[PDB]
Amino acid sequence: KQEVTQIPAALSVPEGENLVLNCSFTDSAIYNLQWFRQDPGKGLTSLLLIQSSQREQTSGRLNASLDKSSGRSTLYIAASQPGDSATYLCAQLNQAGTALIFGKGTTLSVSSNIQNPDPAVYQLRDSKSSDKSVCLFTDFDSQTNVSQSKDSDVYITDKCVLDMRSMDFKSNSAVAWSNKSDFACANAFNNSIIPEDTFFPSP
């Protein structure tokens, strides 16, 4: 009966933007709302708690609004950073109120701004296994999206942003490897939407 709806299910925005997380819920009367953050493979960290008696609740760059009449709630993240990327859960206390009912969550992705995109694919040297050639699509800007591609032996990871603090340098990277023969390493990414001037040096 009681339902908590979070929209959108997935949100991707460039860093530096303000972003909005929506949460709607059935019924009214006495309740509270609690927003949580969880990173992949870890627990839930409580971000904000809004009672029915309140309309606003803030904490740092987080702003939580509550409209009791319409049944809508909103989580504002001002000046989003890549460190804000996580899964955001909205939960409403039931009418008893003895338990907490959750929404399906919003997976937020805040893409880093790449100063000077230098997209390239480099093949790396092996270790414990013959063949099994691994290589790295790196230094592309945040607008680039990597595909899983089609092959029996080829695998491609999702994008991934690292930050070298000693150099003030961020860079995206996706990894591809395989154990087949017809597959040279660099041919995994050509199927995906890749920039035209990407550097493809042969090993």
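From 1 onward, residues are counted along the sequence shown.
Averaged over their C-alpha atoms, the temperature factors of 149 to 157 and 50 to 58 are higher for 149 to 157. Comparing 127 to 135 with 110 to 118, the stretch with the higher mean C-alpha B-factor in the PDB entry is 127 to 135. Highest CA B-factor among the listed residues (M167, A64, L33, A176): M167.
As recorded in the entry, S192 carries the highest CA temperature factor of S192, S12, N18, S24. Sort the modelled residues of the chain by CA B factor and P203 lands in the highest third.
Among all modelled residues in this chain, the alpha-carbon of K68 has a temperature factor (C-alpha) in the highest third. In the PDB entry, a CA B factor belonging to the middle third of its chain's modelled residues is recorded for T74. Among the modelled residues of its chain, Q81 has a C-alpha B-factor that falls in the middle third, as given in the PDB entry. In the deposited entry, the Cα temperature factor of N94 places it in the lowest third of its chain's modelled residues.
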